[PDB]
>>> print(open('entry_37.pdb').read())   # PDB, C-alpha atoms
ATOM      1  CA  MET A   1       6.721 -93.741  16.356
ATOM      2  CA  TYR A   2       9.757 -92.307  18.168
ATOM      3  CA  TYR A   3       8.729 -92.472  21.804
ATOM      4  CA  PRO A   4       7.447 -95.816  23.052
ATOM      5  CA  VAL A   5       3.935 -96.222  24.429
ATOM      6  CA  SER A   6       3.803 -97.938  27.814
ATOM      7  CA  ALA A   7       1.275-100.690  28.492
ATOM      8  CA  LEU A   8      -0.465 -98.272  30.859
ATOM      9  CA  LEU A   9      -0.781 -95.737  28.064
ATOM     10  CA  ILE A  10      -2.095 -98.496  25.773
ATOM     11  CA  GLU A  11      -4.839 -99.096  28.333
ATOM     12  CA  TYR A  12      -5.638 -95.408  28.254
ATOM     13  CA  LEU A  13      -5.818 -95.594  24.466
ATOM     14  CA  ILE A  14      -7.970 -98.712  24.465
ATOM     15  CA  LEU A  15     -10.453 -97.314  26.952
ATOM     16  CA  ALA A  16     -10.436 -93.989  25.137
ATOM     17  CA  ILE A  17     -11.051 -95.677  21.802
ATOM     18  CA  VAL A  18     -13.744 -97.930  23.176
ATOM     19  CA  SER A  19     -15.390 -94.910  24.779
ATOM     20  CA  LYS A  20     -16.148 -93.462  21.341
ATOM     21  CA  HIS A  21     -17.976 -96.607  20.348
ATOM     22  CA  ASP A  22     -17.913-100.300  21.171
ATOM     23  CA  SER A  23     -15.214-101.846  18.998
ATOM     24  CA  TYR A  24     -13.635-105.176  18.199
ATOM     25  CA  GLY A  25      -9.975-105.846  18.861
ATOM     26  CA  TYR A  26      -8.632-105.466  15.345
ATOM     27  CA  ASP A  27     -10.196-102.032  15.164
ATOM     28  CA  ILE A  28      -8.637-100.970  18.448
ATOM     29  CA  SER A  29      -5.295-102.486  17.484
ATOM     30  CA  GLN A  30      -5.185-100.775  14.093
ATOM     31  CA  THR A  31      -5.768 -97.398  15.681
ATOM     32  CA  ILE A  32      -3.282 -98.053  18.427
ATOM     33  CA  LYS A  33      -0.664 -99.170  15.860
ATOM     34  CA  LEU A  34      -0.881 -95.586  14.688
ATOM     35  CA  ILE A  35       1.214 -94.496  17.658
ATOM     36  CA  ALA A  36       2.433 -97.743  19.185
ATOM     37  CA  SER A  37       4.528-100.684  18.129
ATOM     38  CA  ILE A  38       2.672-103.388  19.948
ATOM     39  CA  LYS A  39       1.987-106.979  18.955
ATOM     40  CA  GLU A  40      -1.499-108.473  19.071
ATOM     41  CA  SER A  41       0.048-110.906  21.539
ATOM     42  CA  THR A  42       0.681-107.909  23.801
ATOM     43  CA  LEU A  43      -2.484-105.994  22.990
ATOM     44  CA  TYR A  44      -5.073-108.701  23.491
ATOM     45  CA  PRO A  45      -3.878-109.635  26.964
ATOM     46  CA  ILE A  46      -4.223-105.953  27.757
ATOM     47  CA  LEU A  47      -7.787-105.970  26.440
ATOM     48  CA  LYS A  48      -8.345-109.080  28.556
ATOM     49  CA  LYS A  49      -6.836-107.418  31.614
ATOM     50  CA  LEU A  50      -9.147-104.415  31.158
ATOM     51  CA  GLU A  51     -12.081-106.704  30.825
ATOM     52  CA  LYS A  52     -11.146-108.706  33.914
ATOM     53  CA  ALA A  53     -10.703-105.467  35.824
ATOM     54  CA  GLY A  54     -14.226-104.594  34.781
ATOM     55  CA  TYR A  55     -13.454-101.565  32.639
ATOM     56  CA  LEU A  56     -14.518-103.329  29.472
ATOM     57  CA  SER A  57     -17.416-105.698  28.977
ATOM     58  CA  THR A  58     -17.575-107.745  25.806
ATOM     59  CA  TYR A  59     -20.191-109.220  23.542
ATOM     60  CA  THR A  60     -20.183-110.801  20.146
ATOM     61  CA  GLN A  61     -21.830-109.299  17.108
ATOM     62  CA  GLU A  62     -21.771-110.103  13.433
ATOM     63  CA  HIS A  63     -19.703-107.611  11.484
ATOM     64  CA  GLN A  64     -19.281-108.076   7.757
ATOM     65  CA  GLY A  65     -20.439-111.685   8.029
ATOM     66  CA  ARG A  66     -18.214-112.815  10.895
ATOM     67  CA  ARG A  67     -18.968-112.723  14.625
ATOM     68  CA  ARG A  68     -16.583-110.241  16.235
ATOM     69  CA  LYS A  69     -15.799-109.782  19.896
ATOM     70  CA  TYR A  70     -16.811-106.237  20.750
ATOM     71  CA  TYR A  71     -15.506-104.335  23.709
ATOM     72  CA  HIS A  72     -17.667-101.875  25.526
ATOM     73  CA  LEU A  73     -16.617 -99.301  28.088
ATOM     74  CA  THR A  74     -18.401-100.016  31.366
ATOM     75  CA  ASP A  75     -19.372 -97.234  33.761
ATOM     76  CA  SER A  76     -16.451 -98.547  35.783
ATOM     77  CA  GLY A  77     -14.405 -98.111  32.641
ATOM     78  CA  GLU A  78     -15.741 -94.614  32.095
ATOM     79  CA  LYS A  79     -14.783 -93.547  35.600
ATOM     80  CA  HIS A  80     -11.370 -95.125  35.098
ATOM     81  CA  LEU A  81     -10.880 -93.481  31.712
ATOM     82  CA  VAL A  82     -11.379 -90.073  33.386
ATOM     83  CA  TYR A  83      -8.623 -90.903  35.805
ATOM     84  CA  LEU A  84      -6.292 -92.052  32.965
ATOM     85  CA  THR A  85      -7.124 -88.961  30.936
ATOM     86  CA  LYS A  86      -6.427 -86.817  33.980
ATOM     87  CA  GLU A  87      -3.142 -88.603  34.684
ATOM     88  CA  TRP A  88      -2.252 -88.237  31.027
ATOM     89  CA  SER A  89      -2.925 -84.523  31.251
ATOM     90  CA  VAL A  90      -0.680 -84.293  34.312
ATOM     91  CA  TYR A  91       2.012 -86.386  32.619
ATOM     92  CA  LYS A  92       1.936 -84.079  29.627
ATOM     93  CA  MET A  93       1.974 -80.844  31.566
ATOM     94  CA  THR A  94       4.672 -82.112  33.849
ATOM     95  CA  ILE A  95       6.884 -83.135  30.954
ATOM     96  CA  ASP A  96       6.169 -79.905  29.097
ATOM     97  CA  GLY A  97       6.632 -78.002  32.338
ATOM     98  CA  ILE A  98      10.009 -79.608  32.888
ATOM     99  CA  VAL A  99      10.927 -79.245  29.241
ATOM    100  CA  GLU A 100       9.951 -75.572  29.162
ATOM    101  CA  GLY A 101      11.753 -74.778  32.411
ATOM    102  CA  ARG A 102       8.908 -74.019  34.800
ATOM    103  CA  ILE A 103       9.115 -77.314  36.600
ATOM    104  CA  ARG A 104      12.252 -78.036  38.653
ATOM    105  CA  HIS A 105      12.798 -79.902  41.895
ATOM    106  CA  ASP A 106      12.947 -78.030  45.205
TER     107      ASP A 106
ATOM    108  CA  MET B   1       3.662 -90.747  38.664
ATOM    109  CA  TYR B   2       1.014 -92.936  37.007
ATOM    110  CA  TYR B   3       2.341 -93.357  33.490
ATOM    111  CA  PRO B   4       5.936 -94.523  33.165
ATOM    112  CA  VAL B   5       8.574 -92.412  31.439
ATOM    113  CA  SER B   6      10.545 -94.284  28.787
ATOM    114  CA  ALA B   7      14.326 -93.978  28.610
ATOM    115  CA  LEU B   8      13.845 -92.063  25.356
ATOM    116  CA  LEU B   9      11.593 -89.587  27.126
ATOM    117  CA  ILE B  10      14.178 -89.308  29.924
ATOM    118  CA  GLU B  11      16.700 -88.274  27.276
ATOM    119  CA  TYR B  12      14.266 -85.655  26.065
ATOM    120  CA  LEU B  13      13.911 -84.425  29.640
ATOM    121  CA  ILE B  14      17.646 -84.396  30.273
ATOM    122  CA  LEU B  15      18.430 -82.480  27.108
ATOM    123  CA  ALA B  16      15.516 -80.151  27.767
ATOM    124  CA  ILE B  17      16.674 -79.522  31.318
ATOM    125  CA  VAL B  18      20.273 -79.038  30.306
ATOM    126  CA  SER B  19      19.141 -76.637  27.594
ATOM    127  CA  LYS B  20      17.904 -74.191  30.236
ATOM    128  CA  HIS B  21      21.307 -74.121  31.858
ATOM    129  CA  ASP B  22      24.304 -76.397  32.256
ATOM    130  CA  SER B  23      23.557 -78.661  35.207
ATOM    131  CA  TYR B  24      25.102 -81.426  37.253
ATOM    132  CA  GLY B  25      23.549 -84.867  37.432
ATOM    133  CA  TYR B  26      21.883 -84.618  40.819
ATOM    134  CA  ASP B  27      20.090 -81.501  39.660
ATOM    135  CA  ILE B  28      18.852 -83.189  36.505
ATOM    136  CA  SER B  29      17.892 -86.322  38.419
ATOM    137  CA  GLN B  30      15.938 -84.432  41.074
ATOM    138  CA  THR B  31      13.887 -82.672  38.436
ATOM    139  CA  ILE B  32      13.358 -85.835  36.470
ATOM    140  CA  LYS B  33      12.260 -87.683  39.644
ATOM    141  CA  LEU B  34       9.385 -85.234  39.582
ATOM    142  CA  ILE B  35       7.754 -87.231  36.797
ATOM    143  CA  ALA B  36       9.824 -90.398  36.582
ATOM    144  CA  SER B  37      10.713 -93.282  38.829
ATOM    145  CA  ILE B  38      14.239 -93.835  37.676
ATOM    146  CA  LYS B  39      17.310 -94.900  39.621
ATOM    147  CA  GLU B  40      20.585 -92.994  39.421
ATOM    148  CA  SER B  41      21.969 -96.280  38.123
ATOM    149  CA  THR B  42      19.599 -95.889  35.168
ATOM    150  CA  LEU B  43      19.855 -92.127  34.818
ATOM    151  CA  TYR B  44      23.609 -91.693  34.782
ATOM    152  CA  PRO B  45      24.187 -94.219  32.016
ATOM    153  CA  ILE B  46      21.627 -92.233  30.064
ATOM    154  CA  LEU B  47      23.558 -89.029  30.729
ATOM    155  CA  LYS B  48      26.675 -90.912  29.634
ATOM    156  CA  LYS B  49      24.959 -92.170  26.494
ATOM    157  CA  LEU B  50      23.906 -88.611  25.608
ATOM    158  CA  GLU B  51      27.404 -87.421  26.165
ATOM    159  CA  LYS B  52      28.915 -90.192  24.052
ATOM    160  CA  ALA B  53      26.412 -89.411  21.321
ATOM    161  CA  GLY B  54      27.662 -85.850  21.457
ATOM    162  CA  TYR B  55      24.477 -84.171  22.635
ATOM    163  CA  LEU B  56      25.990 -83.282  25.982
ATOM    164  CA  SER B  57      29.502 -82.113  26.722
ATOM    165  CA  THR B  58      30.697 -82.086  30.306
ATOM    166  CA  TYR B  59      33.054 -80.106  32.467
ATOM    167  CA  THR B  60      33.746 -79.891  36.143
ATOM    168  CA  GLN B  61      33.061 -76.844  38.250
ATOM    169  CA  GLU B  62      33.067 -76.166  41.951
ATOM    170  CA  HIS B  63      29.561 -75.851  43.327
ATOM    171  CA  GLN B  64      29.075 -75.262  47.028
ATOM    172  CA  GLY B  65      32.646 -76.362  47.719
ATOM    173  CA  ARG B  66      32.667 -79.611  45.749
ATOM    174  CA  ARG B  67      33.644 -80.139  42.108
ATOM    175  CA  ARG B  68      30.528 -81.195  40.206
ATOM    176  CA  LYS B  69      30.287 -82.714  36.762
ATOM    177  CA  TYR B  70      28.243 -80.296  34.688
ATOM    178  CA  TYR B  71      26.444 -81.235  31.532
ATOM    179  CA  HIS B  72      26.094 -78.795  28.713
ATOM    180  CA  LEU B  73      23.856 -79.052  25.677
ATOM    181  CA  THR B  74      26.010 -79.059  22.547
ATOM    182  CA  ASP B  75      24.789 -77.563  19.276
ATOM    183  CA  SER B  76      24.401 -81.192  18.266
ATOM    184  CA  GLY B  77      22.331 -81.583  21.398
ATOM    185  CA  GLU B  78      20.293 -78.497  20.598
ATOM    186  CA  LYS B  79      19.446 -79.780  17.138
ATOM    187  CA  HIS B  80      18.567 -83.146  18.650
ATOM    188  CA  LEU B  81      16.438 -81.593  21.382
ATOM    189  CA  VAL B  82      14.327 -79.908  18.667
ATOM    190  CA  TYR B  83      13.722 -83.275  17.107
ATOM    191  CA  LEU B  84      12.776 -84.829  20.499
ATOM    192  CA  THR B  85      10.519 -81.891  21.295
ATOM    193  CA  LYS B  86       8.907 -82.249  17.886
ATOM    194  CA  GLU B  87       8.461 -86.004  18.315
ATOM    195  CA  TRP B  88       7.054 -85.362  21.765
ATOM    196  CA  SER B  89       4.574 -82.922  20.284
ATOM    197  CA  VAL B  90       3.544 -85.524  17.707
ATOM    198  CA  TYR B  91       3.309 -88.225  20.380
ATOM    199  CA  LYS B  92       1.060 -85.996  22.445
ATOM    200  CA  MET B  93      -1.192 -84.909  19.622
ATOM    201  CA  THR B  94      -1.440 -88.421  18.317
ATOM    202  CA  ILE B  95      -2.423 -89.797  21.702
ATOM    203  CA  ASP B  96      -4.833 -86.931  22.313
ATOM    204  CA  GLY B  97      -6.083 -87.296  18.757
ATOM    205  CA  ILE B  98      -6.750 -90.979  19.289
ATOM    206  CA  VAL B  99      -8.170 -90.363  22.735
ATOM    207  CA  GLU B 100     -10.485 -87.613  21.502
ATOM    208  CA  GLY B 101     -11.664 -89.625  18.501
ATOM    209  CA  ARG B 102     -10.177 -87.733  15.569
ATOM    210  CA  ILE B 103      -7.423 -90.217  14.951
ATOM    211  CA  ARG B 104      -8.398 -93.711  13.761
ATOM    212  CA  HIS B 105      -6.738 -96.152  11.399
ATOM    213  CA  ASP B 106      -7.766 -96.308   7.738
TER     214      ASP B 106
END
>>> encode(input="entry_37.pdb", output="structure tokens")
Amino acid sequence: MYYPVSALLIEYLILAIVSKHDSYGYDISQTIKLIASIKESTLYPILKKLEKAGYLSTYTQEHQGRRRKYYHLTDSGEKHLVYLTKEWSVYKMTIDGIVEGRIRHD
Amino acid sequence: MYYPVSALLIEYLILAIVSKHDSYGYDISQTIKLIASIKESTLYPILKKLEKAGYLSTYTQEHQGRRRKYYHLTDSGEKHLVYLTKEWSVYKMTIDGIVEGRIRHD
């Protein structure tokens, strides 16, 4: 809620979410809306970007009587997700490190 | 480096940094540049904002033979920093929660 979630972090979230199981956009969006204020019109292009970049592949599948577009984390996506997770870890520790006083320039 | 740092998070960092000890801008900026790509022209207005909002008070003090503008975390700032820390904690857990699969809409 308070802090914004950057598009890059959204990608992290999407890939992370999709890594649990293949999921359709609305599902990803609903879970992302838990921490982010992002419009579908911002989210779906991000999904598309991730697909184009090869991290997500997509297929259709009936779900509750309507064909949904499912996203699936490719191996490329999996490798990338590790990087994003790692960078997220670093981001966190660095912020916490700065915040707690350990981390200072020089 | 990878993930961007929002202005709101910068505020968190500034207040957190200033909470350790009073510090002048360059000092805060140098430590913030450790995790953020932010220009002085973006940082200093943020410092100013935090001052205006009452979270930082300022004074001058000679440091290495030049008067520096020091920032000091007010009690108001301290209370606010707790909130930002708290919100940061929530942000982190929520992201990690989503990323690790615990957190899903519904």
>>> resolve_selection(input="entry_37.pdb", expression="the PyMOL selection byres ((chain A) within 7 of (chain B))", output="compact mmCIF listing (two decimals) with C-alpha atoms, in the coordinates of the input")
# COMPACT_ATOMS: atom_id res chain seq x y z
CA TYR A 2 9.76 -92.31 18.17
CA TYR A 3 8.73 -92.47 21.80
CA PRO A 4 7.45 -95.82 23.05
CA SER A 6 3.80 -97.94 27.81
CA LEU A 8 -0.46 -98.27 30.86
CA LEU A 9 -0.78 -95.74 28.06
CA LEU A 13 -5.82 -95.59 24.47
CA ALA A 16 -10.44 -93.99 25.14
CA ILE A 17 -11.05 -95.68 21.80
CA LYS A 20 -16.15 -93.46 21.34
CA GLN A 30 -5.18 -100.78 14.09
CA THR A 31 -5.77 -97.40 15.68
CA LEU A 34 -0.88 -95.59 14.69
CA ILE A 35 1.21 -94.50 17.66
CA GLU A 87 -3.14 -88.60 34.68
CA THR A 94 4.67 -82.11 33.85
CA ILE A 98 10.01 -79.61 32.89
CA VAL A 99 10.93 -79.24 29.24
CA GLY A 101 11.75 -74.78 32.41
CA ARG A 104 12.25 -78.04 38.65
CA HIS A 105 12.80 -79.90 41.90
>>> resolve_selection(input="entry_37.pdb", expression="the PyMOL selection byres ((chain B and resi 55-64) around 8)", output="VMD selection string")
chain B and resid 15 47 50 to 54 65 to 78 80
>>> write_last_selection(input="entry_37.pdb", atoms="C-alpha atoms", output="PDB file, in the coordinates of the input")
ATOM      1  CA  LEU B  15      18.430 -82.480  27.108  1.00  0.00           C
ATOM      2  CA  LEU B  47      23.558 -89.029  30.729  1.00  0.00           C
ATOM      3  CA  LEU B  50      23.906 -88.611  25.608  1.00  0.00           C
ATOM      4  CA  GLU B  51      27.404 -87.421  26.165  1.00  0.00           C
ATOM      5  CA  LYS B  52      28.915 -90.192  24.052  1.00  0.00           C
ATOM      6  CA  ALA B  53      26.412 -89.411  21.321  1.00  0.00           C
ATOM      7  CA  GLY B  54      27.662 -85.850  21.457  1.00  0.00           C
ATOM      8  CA  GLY B  65      32.646 -76.362  47.719  1.00  0.00           C
ATOM      9  CA  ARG B  66      32.667 -79.611  45.749  1.00  0.00           C
ATOM     10  CA  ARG B  67      33.644 -80.139  42.108  1.00  0.00           C
ATOM     11  CA  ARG B  68      30.528 -81.195  40.206  1.00  0.00           C
ATOM     12  CA  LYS B  69      30.287 -82.714  36.762  1.00  0.00           C
ATOM     13  CA  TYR B  70      28.243 -80.296  34.688  1.00  0.00           C
ATOM     14  CA  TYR B  71      26.444 -81.235  31.532  1.00  0.00           C
ATOM     15  CA  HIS B  72      26.094 -78.795  28.713  1.00  0.00           C
ATOM     16  CA  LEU B  73      23.856 -79.052  25.677  1.00  0.00           C
ATOM     17  CA  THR B  74      26.010 -79.059  22.547  1.00  0.00           C
ATOM     18  CA  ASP B  75      24.789 -77.563  19.276  1.00  0.00           C
ATOM     19  CA  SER B  76      24.401 -81.192  18.266  1.00  0.00           C
ATOM     20  CA  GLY B  77      22.331 -81.583  21.398  1.00  0.00           C
ATOM     21  CA  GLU B  78      20.293 -78.497  20.598  1.00  0.00           C
ATOM     22  CA  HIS B  80      18.567 -83.146  18.650  1.00  0.00           C
TER      23      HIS B  80
END
>>> atom_distance(input="entry_37.pdb", atom1="CA of residue 93 (chain A)", atom2="CA of residue 86 (chain B)")
15.4 Å
>>> atom_distance(input="entry_37.pdb", atom1="CA of residue 41 (chain B)", atom2="CA of residue 24 (chain B)")
15.2 Å
>>> atom_distance(input="entry_37.pdb", atom1="CA of residue 79 (chain A)", atom2="CA of residue 38 (chain A)")
25.4 Å
>>> axis_aligned_box(input="entry_37.pdb", around="region 61-78 of chain B", padding_each_side="5 Å", output="AutoDock Vina command-line options")
--center_x 27.0 --center_y -79.0 --center_z 33.0 --size_x 23.4 --size_y 17.5 --size_z 39.5
